[PDB]
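Here's the structure, in C-alpha cells; my notes come after.
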Amino acid sequence: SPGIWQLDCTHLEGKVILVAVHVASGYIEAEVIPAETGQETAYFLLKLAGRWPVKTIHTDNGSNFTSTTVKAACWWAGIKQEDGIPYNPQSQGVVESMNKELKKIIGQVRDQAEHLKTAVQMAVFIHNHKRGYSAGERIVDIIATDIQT
Amino acid sequence: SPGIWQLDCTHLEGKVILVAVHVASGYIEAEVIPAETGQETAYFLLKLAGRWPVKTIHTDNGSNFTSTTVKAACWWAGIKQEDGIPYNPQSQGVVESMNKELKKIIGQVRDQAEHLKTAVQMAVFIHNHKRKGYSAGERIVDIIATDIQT
Ligand SMILES: O=C(O)Cc1sc2nc3ccccc3n2c1-c1ccc(Cl)cc1
Ligand SMILES: O=C(O)Cc1sc2nc3ccccc3n2c1-c1ccc(Cl)cc1
Ligand SMILES: O=C(O)Cc1sc2nc3ccccc3n2c1-c1ccc(Cl)cc1
C-alpha cells in the first residue's frame, strides 16, 4: 500500500538514528536525532508526513513511539499508528534488509565525513539512488499511480 | 525543469529557517537550522538531494551558500550551483509567493506548538497538502514521475 511506513530507532557511535522505510519501495528517510524522545520522534514524523502521503506507521512499543506527543502528531497529521512488533514478518523482513543495506553504506562512507549525521545523509542518498529502478523512483511511481486511482 | 530548487534563508523569532522551493510545483521543504552556517546549509542540502532528484540549486551570494562546505556537498551530490539567482521573473515570482504563503501558514498555527521548529513543519505539511486542482505534494510527485516515464 502507498502509505505504509515502518519506523525504527537504531544506535550507532553512541548516537540515535530514526529510520523510516517505505515498505512497498524500500525508500529510506533517516536522521541522527539529539535524544531517543517522543518529541524528536513526533518532530521527525511531522517532517516525514508533510513530504509523503503517510497513512499508517508501524513501530515497536518503545517509549518514544507511544508517548502523547507522538499520538498528537499522528492525530494532527491523520496518521494511523499501528504499534507492536511482530505485526507482519514479510514486511518486517523487507524493512530489516533496507536497514541492513543502510548500515553497510554508512560503513563504506564513514571516513568521507567527520560527523555521523553527514554520513547517514550520504548513505540515504546512495541507498535511494542505487539501481532498473531506484527506491527514489519506485516511491514516486507508487504515489503517482495512487493519485491516478 | 523538474530538477531545479531555490534555497533561501529567512528569519522568525530570531531563529534561522532554510526554505527550499521546487520551482515547477511550488512544493516546499523547510526547517529551522541551529545557525546560518555553511555546515548547516550543506547538511540540509544532502538531506534534500537524498529525498528528491536535485539537479540544480539557485541560491544568493551569501557567505553560507558560497562556502567551501556547500560547494563540496553540491559536487558530491552532482548538483549544479549557479552564480547567484539567475534573472527569471516567473521563477522568482513562484519562490517569493510560496515563501509569503509559508509565513502566513506559520502565523496561523504558531499557537498550536511551543517551539517554532514544530510550527514550521506543521506549516510545511499544510502548505504541501492544501488542495486549492492538485496540492503541491501531488504536483511534485506527478512532475517527477512524468519525467521518469518520458
Ligand atoms: O480534539 C482533540 O482530539 C483534542 C485535541 S485539540 C488539538 N489541537 C492540537 C494541536 C496540535 C496537536 C494536538 C492537538 N489537539 C488535540 C489532541 C489530539 C490527540 C492527542 Cl493525543 C492530543 C491532543
Ligand atoms: O564532514 C562533515 O561532518 C561535514 C563537513 S564539515 C566540512 N568542511 C569542509 C570543507 C571542504 C569540503 C567539505 C567540508 N565539510 C564537510 C562535508 C561536506 C560535504 C560532504 Cl558530502 C562531506 C563532508
Ligand atoms: O510544542 C512543541 O514544539 C512540540 C510538542 S510538545 C507537546 N506536548 C503535547 C501534549 C499533547 C499534545 C501535543 C503536544 N506537544 C507538541 C506537539 C505535538 C504535535 C503537534 Cl502537531 C503540535 C505540538
Side-chain angles (χ1 to χ4, degrees), chain A residues 3-52 54 56-71 73-74 77 79-130 134-136 138-139, chain B residues 31 34 42-44 46-51 117 121:
Chain A
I4 327 287
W5 290 77
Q6 197 186 123
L7 259 290
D8 324 89
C9 231
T10 192
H11 295 68
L12 248 181
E13 310 167 24
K15 298 269 202 285
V16 181
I17 302 161
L18 198 36
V19 178
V21 177
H22 177 254
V23 181
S25 71
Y27 174 92
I28 292 186
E29 294 256 342
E31 204 147 13
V32 164
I33 60 165
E36 201 176 0
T37 64
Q39 211 202 307
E40 288 312 305
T41 308
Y43 182 71
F44 178 97
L45 252 191
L46 285 156
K47 265 199 279 201
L48 177 72
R51 284 141 191 78
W52 294 108
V54 177
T56 313
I57 62 138
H58 287 271
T59 66
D60 80 331
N61 64 0
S63 67
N64 70 298
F65 296 107
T66 69
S67 70
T68 293
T69 319
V70 181
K71 299 182 174 282
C74 294
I79 300 156
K80 211 290 137 70
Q81 189 182 188
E82 294 283 357
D83 158 70
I85 290 284
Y87 71 85
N88 190 338
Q90 172 185 268
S91 285
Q92 293 173 256
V94 170
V95 176
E96 198 34 65
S97 299
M98 300 302 101
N99 273 271
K100 198 165 275 200
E101 193 189 319
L102 186 70
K103 288 210 158 196
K104 186 187 167 83
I105 305 161
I106 293 160
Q108 295 190 115
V109 302
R110 194 51 194 94
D111 56 27
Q112 286 175 256
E114 189 195 341
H115 306 112
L116 177 63
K117 69 158 207 167
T118 301
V120 172
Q121 300 318 314
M122 283 164 86
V124 171
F125 180 96
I126 297 175
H127 178 83
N128 294 334
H129 297 127
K130 204 163 169 169
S134 61
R138 287 197 296 276
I139 194 168
Chain B
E31 240 188 276
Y43 183 62
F44 176 90
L46 291 177
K47 241 142 69 183
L48 180 69
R51 306 319 180 265
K117 65 172 175 124
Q121 299 319 315

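Note: hydrogens, waters and symmetry copies are ignored here, and every other heavy atom, side chains too, is used. Labels below follow one simple rule: chain letters A, B, ... track the order of the sequence lines, proteins then strands, and each chain is numbered from 1.
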Applying side-chain contact (heavy atoms from CB on, under 4.5 Å), name anything that partners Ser63(A), two or more places apart in sequence or on another chain.
none
Could you pull out all residues at least two apart from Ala42(B) that satisfy side-chain contact (heavy atoms from CB on, under 4.5 Å)?
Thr69(B), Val70(B), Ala73(B)
ring-ring contact (aromatic ring centres under 6.0 Å, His included) filter on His115(A), not counting sequence neighbours, yields none
Stepwise side chain to side chain contact (heavy atoms under 4.5 Å, CB included) check, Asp83(A) with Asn61(A)
CA-CA 6 Å; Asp83(A) 158 70; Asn61(A) 64 0; 3.7 Å; yes
Output yes when a side-chain donor or acceptor of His127(A) lies under 3.5 Å from a complementary backbone atom of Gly50(B), and no otherwise.
no
Which residues pass the ring-ring contact (aromatic ring centres under 6.0 Å, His included) test with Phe125(A), sequence neighbours left out?
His129(A), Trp76(B)
Just to verify, what does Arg138(A) make a side chain to side chain donor-acceptor pair (under 3.5 Å) with, not counting sequence neighbours?
none
What's the verdict on side chain to side chain contact (heavy atoms under 4.5 Å, CB included) for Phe44(A) and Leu7(A), showing C-alpha distance, side-chain angles and the deciding distance?
CA-CA 10 Å; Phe44(A) 178 97; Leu7(A) 259 290; 3.5 Å; yes
Evaluation steps, side chain to side chain contact (heavy atoms under 4.5 Å, CB included), between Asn99(A) and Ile28(A):
CA-CA 9 Å; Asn99(A) 273 271; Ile28(A) 292 186; 5.7 Å; no
With sequence neighbours excluded, tell me which residues meet side chain to side chain donor-acceptor pair (under 3.5 Å) with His22(A).
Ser25(A)
With sequence neighbours excluded, what pairs up with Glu101(A) under the salt bridge (charged side-chain N to carboxylate O under 4.0 Å, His left out) test?
none
Can a side-chain donor-acceptor contact be found between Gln92(A) and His58(A) if the only test is distance below 3.5 angstrom?
no
Among residues two or more places apart or on two chains, list those pairs meeting salt bridge (charged side-chain N to carboxylate O under 4.0 Å, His left out) that have a residue in residues 116-129 of chain A.
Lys117(A)-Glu40(B)
Taking only residues two or more places apart in sequence or in another chain, which ones pass salt bridge (charged side-chain N to carboxylate O under 4.0 Å, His left out) with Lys47(A)?
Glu31(A), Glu31(B)
Can you tell me which residue pairs pass the salt bridge (charged side-chain N to carboxylate O under 4.0 Å, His left out) test with a partner in residues 3-26 of chain A, sequence neighbours excluded?
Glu13(A)-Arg110(A)
With sequence neighbours left out, the residues meeting side chain to side chain donor-acceptor pair (under 3.5 Å) with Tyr27(A) are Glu29(A), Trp52(A)
Could you work out, with side chain to side chain donor-acceptor pair (under 3.5 Å) as the rule, every residue matching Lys103(A), not counting sequence neighbours?
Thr10(A)
Checking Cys9(A) against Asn64(A) for the side chain to side chain contact (heavy atoms under 4.5 Å, CB included) test, could you report, in this order, the C-alpha distance in whole Å, the side-chain angles of both residues, the deciding distance, and whether it holds?
CA-CA 9 Å; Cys9(A) 231; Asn64(A) 70 298; 3.8 Å; yes
